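J.: Before anything else, here's the structure in question.
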Amino acid sequence: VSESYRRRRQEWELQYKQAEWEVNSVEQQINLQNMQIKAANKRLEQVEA
Amino acid sequence: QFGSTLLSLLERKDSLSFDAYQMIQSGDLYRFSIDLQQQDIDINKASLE
């Protein structure tokens with residue numbers, strides 16, 4: 001029975017590691033849209049000018 | 001002859017000066033719109049980054 005502990009442990013441990021890289025990943029959308037919003041805001045220059 | 005002359009040439013000045021203002025003043029467009037590519041390049045770079 002002593003191995004059952006390690007077995008149950010490891011899937012949770014790896015899922016936490018999964019969450020780690022996933023949170024690393026999602027930063028992309030934040031900076032992508034930061035660029036999008038600022039550029040689009042500047043784009044109004046062409047119209048108003 | 002004076003009348004006709006001045007008329008024609010002044011109308012020339014007018015027309016050319018219209019397009020003159022248009023061309024000289026609106027020519028700022030490319031510098032103004034440099035960001036169009038100058039930041040979308042970073043947009044695409046950030047993807048793989």
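Labels for the structure tokens follow display order: chains A, B, ..., residues from 1 in each chain, ligands from 1.
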Which residues, written as a PyMOL selection string, have at least one atom at most 12 Å from residue 49 in chain B, with only C-alpha atoms counted and residues fewer than 6 positions away on the same chain left out?
T.: (chain A and resi 24-29+31-32) or (chain B and resi 42-43)
J.: Any idea which chain A residues end up within 9 Å of chain B if we count only C-alpha atoms, as a PyMOL selection string please?
T.: chain A and resi 28+31-32+35-36+39+42-43+45-46
J.: Just C-alpha atoms for this one: save the residues we selected as a short mmCIF file (atom, residue, chain, number, x, y, z; two decimals), in the first residue's frame.
T.:
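What landed in again.cif:
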```
data_model
loop_
_atom_site.label_atom_id
_atom_site.label_comp_id
_atom_site.auth_asym_id
_atom_site.auth_seq_id
_atom_site.Cartn_x
_atom_site.Cartn_y
_atom_site.Cartn_z
CA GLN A 28 0.29 36.72 -24.61
CA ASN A 31 0.29 42.26 -24.27
CA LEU A 32 -1.33 41.54 -27.66
CA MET A 35 -0.66 46.83 -28.44
CA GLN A 36 -3.99 46.53 -30.26
CA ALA A 39 -2.40 51.38 -31.92
CA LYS A 42 -3.61 56.28 -32.39
CA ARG A 43 -5.42 55.30 -35.61
CA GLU A 45 -5.41 60.50 -35.65
CA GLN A 46 -5.86 59.85 -39.37
#
```
